[PDB]
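Below is one structure; the comments refer to it alone.
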Amino acid sequence: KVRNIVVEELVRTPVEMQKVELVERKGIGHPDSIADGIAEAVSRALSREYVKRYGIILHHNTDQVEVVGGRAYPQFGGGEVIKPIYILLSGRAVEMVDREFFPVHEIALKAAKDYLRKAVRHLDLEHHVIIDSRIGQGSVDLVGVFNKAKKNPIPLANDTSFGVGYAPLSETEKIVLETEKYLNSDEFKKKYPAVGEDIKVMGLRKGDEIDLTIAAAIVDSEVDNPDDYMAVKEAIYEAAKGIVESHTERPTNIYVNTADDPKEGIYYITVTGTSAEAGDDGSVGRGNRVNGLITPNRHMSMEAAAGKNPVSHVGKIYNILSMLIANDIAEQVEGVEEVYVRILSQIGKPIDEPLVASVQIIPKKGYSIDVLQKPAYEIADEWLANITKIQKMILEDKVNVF
Amino acid sequence: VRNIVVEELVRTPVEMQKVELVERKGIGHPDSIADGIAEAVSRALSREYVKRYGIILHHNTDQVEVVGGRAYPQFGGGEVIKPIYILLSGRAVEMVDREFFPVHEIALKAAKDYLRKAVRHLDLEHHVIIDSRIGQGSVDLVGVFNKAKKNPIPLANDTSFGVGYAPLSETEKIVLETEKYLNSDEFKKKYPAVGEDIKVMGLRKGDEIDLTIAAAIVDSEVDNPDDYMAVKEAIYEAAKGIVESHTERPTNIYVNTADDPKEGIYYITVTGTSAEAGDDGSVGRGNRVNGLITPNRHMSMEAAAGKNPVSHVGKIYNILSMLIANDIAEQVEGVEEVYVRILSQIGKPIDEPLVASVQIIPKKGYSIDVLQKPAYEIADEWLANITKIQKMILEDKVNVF
Amino acid sequence: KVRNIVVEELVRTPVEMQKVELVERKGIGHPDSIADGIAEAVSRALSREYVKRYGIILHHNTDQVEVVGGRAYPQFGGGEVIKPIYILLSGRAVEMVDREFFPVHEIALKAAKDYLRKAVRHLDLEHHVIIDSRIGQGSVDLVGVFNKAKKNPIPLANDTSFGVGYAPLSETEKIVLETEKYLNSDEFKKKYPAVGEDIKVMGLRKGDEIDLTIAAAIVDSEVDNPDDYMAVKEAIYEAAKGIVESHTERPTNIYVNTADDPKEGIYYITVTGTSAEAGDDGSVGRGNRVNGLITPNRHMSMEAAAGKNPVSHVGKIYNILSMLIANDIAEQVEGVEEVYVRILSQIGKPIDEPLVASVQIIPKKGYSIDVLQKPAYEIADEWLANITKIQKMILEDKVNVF
Amino acid sequence: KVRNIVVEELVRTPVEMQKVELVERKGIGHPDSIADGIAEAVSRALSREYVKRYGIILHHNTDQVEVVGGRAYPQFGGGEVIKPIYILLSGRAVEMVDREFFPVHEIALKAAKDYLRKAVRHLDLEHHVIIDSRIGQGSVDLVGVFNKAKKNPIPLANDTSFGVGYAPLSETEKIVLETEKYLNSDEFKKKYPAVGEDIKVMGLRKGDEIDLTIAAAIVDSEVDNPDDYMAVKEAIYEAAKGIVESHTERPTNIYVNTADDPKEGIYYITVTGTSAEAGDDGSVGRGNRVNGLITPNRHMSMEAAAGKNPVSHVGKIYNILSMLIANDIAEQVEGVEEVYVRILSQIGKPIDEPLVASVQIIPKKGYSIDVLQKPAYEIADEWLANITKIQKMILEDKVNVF
């Protein structure tokens, strides 16, 4: 196919040289991220079962999840939950296949629980949380589905939407991403079971100076007094330092739980390891983009990838693809300092035929856009030709969407 | 004396970028219905707290789920089969000292009043269920006053961030003003078949623009396909008029591109919103505070809708950044483009940000030196008056989506 | 057909001669009665629309409705509701017919609202209540349904259950019944708009002495202070007095809102006219029997008639039928002092073929069971043959089920 | 210490000499019984923990439980649950005690799920059920509670409440009760794990002939084809015949799962062993009275005992009390053929001082009422003196309420 790809130079200062860079990440126990990961765990568990029974992922979109805050009162040595966290699953999934029922609600509720067990280790999943499903019923005749799939080997776009992604990551980006990932590793979680999964990380660079703030819920059953807690914070400090030192020679101030105040009793302790116990809410699409970050020095799509199907929904598929394409361009094409990729769907045309795939590149010093633009074009075109590979990448947990 | 830093922005302006992408979700789109309900509830609660106690009490209603119903649209008039379900959450104050405040009554009325105006053909009594899980809260009023008196200007406890720009490009204005006119009272009186679920996408490449409009058509206003086709024409003509007032670039306009007549497929609905079957919605998934979704620009992830207008730093800074950029673009001769970013200083009042970066591309022939001073000044005046935002919000004088 | 009717004498003292008789009625704004009423409104609205669309009532049972109490703060001149009443509709109904979707939830929610407007006049239906439906889905194919109607003209029984009814009503029962229906008549609500619909009426007769206690919610917006509130109770009192005098010669004490304690500022005032605003809950089947009363001197079925379908559910149909058989016997057969009727279904046989229809009679003095048994028998047999007349009686609002 | 207890002769034919008798029981895994059981489980759990923490039972009522049928696809060898059972807990309880907090929802959720794990053994509580809580809030001052308690050690009635019990049980009553109870016993479940807990038993006696019908959900993972199924029904038949033969010499037909139609492939087959799995619904107070039975030949209260406050809810206390008193008089006083006990509260007064406690005795042949009066009066007066023992019986699981 001749595809609508456009490669242009982007004239601005590269982000490493911009004076003020702000990067955020919401970790895996943060209420918005809990919603994202449930939304996605439901889509994937549904998708796997549809493939198991019928060979093919049937239509669904479970990109709507509300995390409604409970009430709890932590205390050194072990506080308690008073009102449970209430989670609602919605979106839509095929449940009537010909005349038979597919167990959408059973699958969805089990995936949600299974995902939470691993996202918030200290949450009692039977007594601190209620999870209900209001996932909409769709219907399909299976012969119609296969016929439509024979007619269009690359699925048709259902919506007019764009995805966006860029590469490579900056030092501040890499520090932020890796700091939350390290702190929420299974590995680290076995060394310090006081560290809850609700970790927000913020990285603010002014010039060559970086402030890295970590806000991390401590679990009160694992810390019997302010001193145990203070030792926990220090271990978070030392964690972060070795990530910071692996990533920059810039001088860096690290802060943990800045709101604390020993005098007035104030410490960031929680019964469960998420602030969703205390009345903070979450919902899908309010947090990390598909590269795992929130990055106002860069660009983004407002489409929420989590929970959307990986077969036809470009709000997931073109966010993923834009990141993959930007990444291969930054890595494979000498001369690229930065690259931003933006893809807009053409409703009723195949998802590999977008209205545009806009690639915008800042050359390294010395390089002309003219030598960059052919190899950038080819990478983008080849990924577009192979767009249906994102289905399996999703089924096999090979890419993240938040 | 504030950390405002006005410097030049050394970049090709957006108009000279080759590809520009801009989207707006109109008022009856399910994500915007969610955003709108959220902010409606916030504003309702706010006017009632002030009326009763002289002060806005803490709330945040930035959590609204729109779960799609079922419907069978039909030329001549269809029916709703299962009602739309909408959940209100977040939290607010219902105990003030020894008195009680009817949080849930205010929210249900504000939500249902907001939908009545947002989706004109939705039957509120029968096509919708609104459920509240708005969380509880308790306040001692005197203590609240004594914090307000201690700090007239609220203290940050955070590094929160806001970003805004001006002026709008051609393509931005076309997209914004196309949806607004299609959902205007004037237009609805002439063509009441045009529903409020209108999503508009603008793509520019060089000097060619493609504008696509997906507008839910109301099935009781359209007796058959020729009636429907005439409505699409009138959308097309209305957009063409707005396009021509904004640009000389050749522009193609496409309306309801998913339509497939020979298969019987038309964008008709019973109520005028896809929430009735085809779509779910939720808060902070659509338009930013300037009403647009703009991947060529820098955007914040903050969901402004429903956030506390008195102390939510992110809401207030996102609004402020937009107001400051606008005024600079409008007031200062020689501004081609301006971005404002504002970053709070934890502990310090919100009118003393860590930094307020104003970055300007001069129009040709102008130098940054003749722009610096008046820009600094405009930015300082607004920061000084940061508590003004709270009363713009109450008075319905600024939008958050 | 030959049916399993057994008529026998009941040897005991008639209720009018028993020493201690207790009767109770929950009026229409009482939370348990709001549940029954809503259950039955939903079933009737569904039934009416199945008939309109298809000729025939399709299967449903909406005999599950929870009224979950709100919170409110009444005060003279007008209080406020803080948390709304929350009402869940449950049960099941056919929603797919020939792959086509019938608007179960639209009909149910509207019927609930419509019933509540009427049942609690001062309740704000959009801001003081939330109504949600979890009514379960069923499916049918219409040819299948007509072929089965064809084949079984009297529908088959799906359960093994009994109904129970009796006649005639004692003085005490008539007073209790008529006292609540008068105080909740439209006529009287025009005359005294302060009187809420949550009226509980109890009649306790000891020998030839009756204590009639009324508990009636007063609506706080039509009563400006305690003296307006005392006038209203005196109007209630005087109403009851006329009903009492119309029905008995026994001396009778009448008490209205006995928990009132003016000295401590306690008065039964409400914002809406139902106690469901203040946290009293209701559910279906917890109150009045089909004859409108709770009568421990008599006998009853534990089946809840309200919301159950009137085509095949004997848990409704045998409670209605028993009342009707018992009433016609007591009225038409001279010499019947009392008659009690109990009917037990035979699962998978026609509803007019019960396992037993037991009739128990107390003769008037001088009359022998021997001359009562044949006409009692015939009345029962006739009504069993005419059992399907209960459908139209329900559709046309000719009988009450609470 | 002088109470208004009145012993008199009941001049009536005893129930064994009536021609028709009808007795039903809903067993443990039936949806109405699930609801009653969960209600009372949550109350007792709440109570034990209030006692633990504060040395007294704080106010609650959890007599409101809605069991909304799921979807299932039963099959010989092992079927599938398609959509979870949804259970709504309502009522109210105290979560604020002075400046402290009490975890009402965590105790209720755990007690409910624990109750179910016992009640329906093949139900998977993590995947086949959702338990939602709308239990209402409440606040107390603990010295306020103790002062009230110290002042009125026997709690004061606030209205006229009523309870009725009778004894002894008839042959048919004991057959119905013991049949369900043996079929749901540990012992029998061990030997025949194919027998689910959803068992409803109906006994009909006409004269000296009894028909006993047992409807028992059979679990499909335990039964590979219809001959294994039939063998299970045979085992049910035979365990019932044993119960029957030890209780009566009257000839008795036993019927098991009468709805079955092998020619058409219809068997009472389930995945979990309760009909709640497939759209059949349940709620509180729609089933057995506190003696475990539904007895239309008898006088019954409409009170829903399950989940009511065991310190101050008087209808609950008086229906328990009634039954225990009638029982003791039956068992201890030579000459009692049949005995009814009714207790009516005295509005102003402590509940051990009722308006009346009516004890009505049919003497066995040859015995005179006046040899029965005194021992009956003593037993009744002794229990009314010991009204607080019921509280402790409830908390120690030594009485049932359905």
Side-chain angles (χ1 to χ4, degrees), chain A residues 20 22 24 200 202 204 206 211-217 253 255-268 275 278-280, chain B residues 1-5 42 45-46 49-50 53-60 62 90-93 96 137-163 300 302-304 306-321 323-324 340-357 379-394:
Chain A
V20 177
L22 184 56
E24 273 213 62
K200 281 183 63 159
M202 223 231 59
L204 164 68
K206 302 158 279 151
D211 292 327
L212 185 75
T213 84
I214 302 163
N253 303 328
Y255 311 95
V256 183
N257 297 348
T258 343
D260 287 346
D261 188 350
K263 185 207 306 200
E264 320 284 20
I266 306 219
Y267 306 110
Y268 191 180
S275 63
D280 294 356
Chain B
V1 181
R2 291 175 187 84
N3 194 213
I4 298 150
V5 185
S42 175
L45 265 1
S46 301
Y49 287 123
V50 168
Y53 318 112
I55 184 164
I56 296 173
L57 303 173
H58 176 81
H59 61 282
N60 41 316
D62 61 334
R91 61 188 295 153
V93 166
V96 311
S138 230
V139 99
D140 159 70
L141 199 36
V142 160
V144 165
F145 275 98
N146 301 141
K147 289 191 63 154
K149 315 338 299 316
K150 175 80 76 200
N151 301 283
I153 305 195
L155 295 195
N157 55 65
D158 216 330
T159 305
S160 284
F161 176 86
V163 56
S300 173
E302 279 283 358
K307 293 291 194 293
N308 174 6
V310 78
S311 59
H312 188 92
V313 182
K315 185 207 198 75
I316 288 172
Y317 278 8
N318 280 286
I319 306 186
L320 202 62
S321 269
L323 296 162
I324 293 166
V340 185
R341 286 177 304 162
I342 318 175
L343 269 303
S344 65
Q345 171 66 94
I346 164 166
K348 292 207 78 87
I350 62 164
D351 75 309
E352 292 168 0
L354 195 159
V355 71
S357 171
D380 201 52
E381 235 271 327
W382 270 112
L383 281 155
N385 292 344
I386 204 162
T387 70
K388 203 175 198 56
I389 301 302
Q390 109 172 299
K391 76 101 89 176
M392 295 177 81
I393 284 145
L394 300 224

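Side chains included, hydrogens not; waters and symmetry mates left out as well; all remaining heavy atoms used. So that the names make sense, note that chain A is the first sequence line, chain B the second, and so on, each numbered from 1.
A donor-acceptor contact shorter than 3.5 Å is absent between the side chain of B/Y53 and the backbone of B/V96. Judged by distance alone, with hydrogens and angles left aside, the side-chain atoms of B/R2 form no donor-acceptor pair with the main-chain N or O of B/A356 at under 3.5 Å. Here the side chain of B/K307 pairs no donor or acceptor atom with the backbone of B/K315 at under 3.5 angstrom. Between the side chain of B/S160 and the backbone N or O of B/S344, no donor-acceptor pair lies under 3.5 Å. Listed for the A/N257 side chain is no donor-acceptor partner under 3.5 Å among the backbone atoms of A/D260. For the pair B/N60 (side chain) and B/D62 (backbone), a donor-acceptor distance under 3.5 Å is absent.
Looking only at side-chain heavy atoms (C-beta outward), B/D351 and B/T387 stay at 4.5 Å or farther from each other. B/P154 places none of its side-chain heavy atoms less than 4.5 Å from the side chain of B/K147. When side chains are defined from C-beta on, B/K348 does not count as touching B/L354, because their heavy atoms never get closer than 4.5 Å. A heavy-atom distance below 4.5 Å is found between the side chains of B/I55 and B/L57. For the pair B/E302 and B/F161, the minimum side-chain heavy-atom distance is 4.5 Å or more. The closest side-chain heavy-atom distance from B/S311 to B/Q390 is not below 4.5 Å. Using a 4.5 Å heavy-atom cutoff, the side chains of A/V20 and B/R341 are in contact. Side-chain contact between B/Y317 and B/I386 is present, with heavy atoms from C-beta onward closer than 4.5 Å.
Considering every non-hydrogen atom in both B/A92 and B/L45, the closest pair reads CB-CD2, 4.5 Å. Across all their heavy atoms, A/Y268 and A/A215 have their closest contact at CE1-C, 4.0 Å. Scanning all heavy atoms of the two residues, the minimum distance from B/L394 to B/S46 falls at CD2-CB, 3.8 Å. Across B/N318 and B/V163, no two heavy atoms sit closer than the pair OD1-N, 3.3 Å. Taking both residues in full, the closest heavy atoms of A/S275 and A/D280 are given as OG-OD2, 3.2 Å, listed atom of the first, atom of the second, then distance.
Note on A/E24 versus A/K200: salt bridge recorded, some NZ/NE/NH1/NH2 to OD/OE distance being below 4.0 Å.
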Show your working on side chain to side chain contact (heavy atoms under 4.5 Å, CB included) between B/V313 and B/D158 and close with a plain yes or no. CA-CA 8 Å; B/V313 182; B/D158 216 330; 5.5 Å; no
Which is it for B/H58 and B/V310 under the side chain to side chain contact (heavy atoms under 4.5 Å, CB included) test, yes or no, and what are the steps along the way? CA-CA 8 Å; B/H58 176 81; B/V310 78; over 6 Å; no
After noting the C-alpha distance and the side-chain angles of B/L323 and B/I389, does the key distance pass the side chain to side chain contact (heavy atoms under 4.5 Å, CB included) rule? CA-CA 10 Å; B/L323 296 162; B/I389 301 302; 3.4 Å; yes
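Residues that satisfy the side chain to side chain contact (heavy atoms under 4.5 Å, CB included) test with A/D261, not counting sequence neighbours, are A/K263, A/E264, A/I266.
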